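Visitor: Handing you a structure now.
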Amino acid sequence: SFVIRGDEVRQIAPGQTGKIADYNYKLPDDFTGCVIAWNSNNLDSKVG
Amino acid sequence: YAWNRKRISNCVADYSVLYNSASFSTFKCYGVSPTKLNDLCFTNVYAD
Amino acid sequence: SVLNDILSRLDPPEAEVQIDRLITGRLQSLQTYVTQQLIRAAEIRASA
Amino acid sequence: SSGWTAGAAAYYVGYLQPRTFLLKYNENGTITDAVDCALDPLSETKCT
Amino acid sequence: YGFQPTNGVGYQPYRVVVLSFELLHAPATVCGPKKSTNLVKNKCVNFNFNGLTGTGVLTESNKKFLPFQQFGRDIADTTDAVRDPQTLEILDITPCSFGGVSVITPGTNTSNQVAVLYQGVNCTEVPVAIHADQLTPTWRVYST
Amino acid sequence: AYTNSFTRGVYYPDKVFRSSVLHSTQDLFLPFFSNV
Amino acid sequence: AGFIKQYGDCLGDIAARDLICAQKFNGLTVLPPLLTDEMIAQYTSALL
């Protein structure tokens, strides 16, 4: 489970490359699973 | 419609700085991985 | 058409697709060659 | 075109066309001969 | 377009620079940086000349290259030879020694002993391909 | 007035060296036996 | 032939180093015949 950014979500997938995809988390090419994403602005977005 | 073309040649290129810039929203390369780009040498590079 | 180029050119996730094109094709060519040889060899063995 | 004129001279001009050619490289890498492929049916045979 | 200053989601200017890569008959004008190493001859090495990568043995050649010609090719459409970007010297590239390996053995019922055949190779190279020098003495016996 | 430009107008198609080989290429050349 | 002839040239070179022709360049090798040409003559001489 992650805190990743919205524009970033694309990166949690097999082939992609990018900031998170390289340094933070790397899904394998062969990945067998699902990627479930839902923005939780309410839970963690405070003023400031 | 007017698109400008610039000719770049006779030098050495550091593309990694371009890749390692947070500044570009989209950096998609068709044919080169953005990394390992430093390894290539070309006759003429055109920038639009 | 050059394997070393593709390797130098693309990261694995993308490169795998391109190389695959060559392998299926090249192998098919090699397959074609072998079939020709077997048939041709039969002719020669017939002569032998 | 008045006044005095220069000594006799002749120059020629012809037009290039997209055509196929079979070039013969010598040992040196010198081009000794060539075949205009389209020129005639004989020349076409040389091409194949 | 107009691009309302604050407004555009899709509406904003995306300054797009596109790099087009062209390789021609000619020598590379723009090339990657730093690493001109000492050229080594008569040894199997990996080599990269102006981006042309491959493995082989670089030897001085007696080809008559014309002053304009960058490099040559074989029938295979593979690099036959190159001229150094640093030094105007001509080098023929012969791929490093290799060949098939076959095991000549009597029946296993008969014996374990074996004899190895290295196809189409001079006996000199057996230590070379193997990198016998690196190995333990147990291995070395086999080399030569 | 025209003259027979028999064979001329051939040039090295590229920068690449080749030797003892018959190679085919396509470029803009002067067609053989064309009027000049 | 282009390739085959090129291969023969390969056998010619004493000077070249690390020249194992079997490799031609891409794994294509030529195995020698079991009965050498000299031997073949002896059979024929015997057959004669």
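Please note that chains go A, B, ... in the order of the structure tokens, that every chain numbers its residues from 1, and that ligands are numbered from 1 in the order shown.
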Pick out the residues sitting within 10 Å of residue 76 (chain E), and hand them over as an NGL selection string; count only C-alpha atoms, and ignore anything fewer than 4 positions along from it in its own chain.

Guide: (:E and (80)) or (:G and (2-3 or 6 or 24-26))

Visitor: Return as a ChimeraX atom specification the residues belonging to chain C that are within 8 Å of chain B, counting only C-alpha atoms.

Guide: /C:8-11

Visitor: Residues of chain F within 6 Å of chain D, counting only C-alpha atoms - could you list those as a compact mmCIF listing (two decimals) with N, CA and C atoms, in the first residue's frame?

Guide:
```
# COMPACT_ATOMS: atom_id res chain seq x y z
N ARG F 18 33.37 -0.39 -48.71
CA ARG F 18 33.02 -1.74 -49.06
C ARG F 18 34.08 -2.19 -50.01
N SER F 19 34.35 -3.52 -50.07
CA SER F 19 35.38 -3.94 -50.98
C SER F 19 35.00 -5.25 -51.60
N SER F 20 35.33 -5.39 -52.90
CA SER F 20 35.14 -6.60 -53.64
C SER F 20 33.75 -7.11 -53.47
N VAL F 21 32.74 -6.22 -53.58
CA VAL F 21 31.39 -6.70 -53.44
C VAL F 21 30.51 -5.92 -54.38
N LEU F 22 29.44 -6.56 -54.88
CA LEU F 22 28.52 -5.89 -55.76
C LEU F 22 27.34 -5.52 -54.92
N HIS F 23 27.14 -4.21 -54.71
CA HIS F 23 26.13 -3.74 -53.80
C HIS F 23 25.14 -2.93 -54.55
N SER F 24 23.85 -3.05 -54.17
CA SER F 24 22.82 -2.33 -54.87
C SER F 24 22.27 -1.27 -53.96
N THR F 25 21.98 -0.08 -54.53
CA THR F 25 21.46 1.00 -53.74
C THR F 25 20.56 1.83 -54.61
N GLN F 26 19.77 2.73 -53.99
CA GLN F 26 18.89 3.58 -54.74
C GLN F 26 19.11 5.00 -54.30
N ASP F 27 19.44 5.89 -55.26
CA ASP F 27 19.65 7.29 -54.99
C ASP F 27 19.31 8.02 -56.25
N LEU F 28 19.57 9.35 -56.28
CA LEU F 28 19.27 10.10 -57.47
C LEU F 28 20.50 10.17 -58.31
N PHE F 29 20.46 9.50 -59.48
CA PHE F 29 21.62 9.41 -60.32
C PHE F 29 21.24 9.85 -61.70
N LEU F 30 22.25 9.96 -62.58
CA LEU F 30 22.00 10.32 -63.95
C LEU F 30 21.77 9.03 -64.68
N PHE F 32 21.61 6.24 -67.42
CA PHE F 32 22.57 6.00 -68.45
C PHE F 32 22.04 6.40 -69.78
N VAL F 36 22.10 15.21 -72.52
CA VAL F 36 22.61 16.26 -71.70
C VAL F 36 22.64 17.47 -72.57
```

Visitor: Would you list which chain A residues are within 10 Å of chain C using only C-alpha atoms, as a PyMOL selection string?

Guide: chain A and resi 14-17+28-29

Visitor: Near residue 2 (chain C), counting only C-alpha atoms, which residues have an atom at most 10 Å away, once you skip same-chain residues fewer than 5 positions from it, shown as an NGL selection string?

Guide: (:C and (7-8 or 19 or 22)) or (:E and (53 or 78))

Visitor: Store the residues picked out above in a file with C-alpha atoms, as a compact mmCIF listing (two decimals), in the first residue's frame.

Guide:
```
# COMPACT_ATOMS: atom_id res chain seq x y z
CA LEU C 7 19.99 -3.38 -26.04
CA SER C 8 21.83 -0.09 -25.90
CA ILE C 19 13.73 -8.18 -29.75
CA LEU C 22 13.35 -10.29 -34.47
CA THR E 53 29.23 -1.73 -29.98
CA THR E 78 28.24 -6.30 -40.22
```

Visitor: Give me every alpha helix (DSSP H) residue in chain E, going by DSSP on the backbone, as a CSV table (one decimal) with C-alpha atoms, in the first residue's frame.

Guide:
```
chain,number,residue,atom,x,y,z
E,126,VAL,CA,41.8,-22.8,-25.1
E,127,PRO,CA,43.4,-21.1,-22.1
E,128,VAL,CA,42.2,-17.7,-23.5
E,129,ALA,CA,38.5,-18.4,-24.0
E,130,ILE,CA,38.3,-20.1,-20.6
E,137,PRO,CA,44.8,-25.2,-10.2
E,138,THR,CA,42.3,-28.1,-10.3
E,139,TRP,CA,40.7,-26.5,-13.4
E,140,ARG,CA,44.0,-25.4,-14.9
E,141,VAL,CA,45.2,-28.9,-15.6
E,142,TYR,CA,42.6,-29.2,-18.3
E,143,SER,CA,43.6,-25.9,-20.0
```

Visitor: For chain F against chain E, which residues fall within 7 Å using only C-alpha atoms, given as JSON, numbers by chain?

Guide: {"F": [14, 15, 16, 17, 18]}

Visitor: Within 6 Å of chain E, which residues of chain B show up when using only C-alpha atoms, listed as a count of residues only?

Guide: 16

Visitor: Can you work out the spacing between CA of residue 55 (chain E) and CA of residue 95 (chain E) in Å, to one decimal?

Guide: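 For CA of residue 55 (chain E) relative to CA of residue 95 (chain E), the distance reads 6.2 Å.
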
Visitor: So what do you get for CA of residue 21 (chain A) versus CA of residue 15 (chain C), distance-wise?

Guide: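 Result for CA of residue 21 (chain A) versus CA of residue 15 (chain C): 17.1 Å, one decimal.
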
Visitor: With only C-alpha atoms considered, list every residue of chain A at most 12 Å from chain B, as an MDAnalysis selection string.

Guide: chainID A and resid 7:8 16:19 22

Visitor: Could you tell me which residues of chain G sit within 12 Å of chain E when counting only C-alpha atoms, and give me the result as a ChimeraX atom specification?

Guide: /G:1-7,9-11,13-32
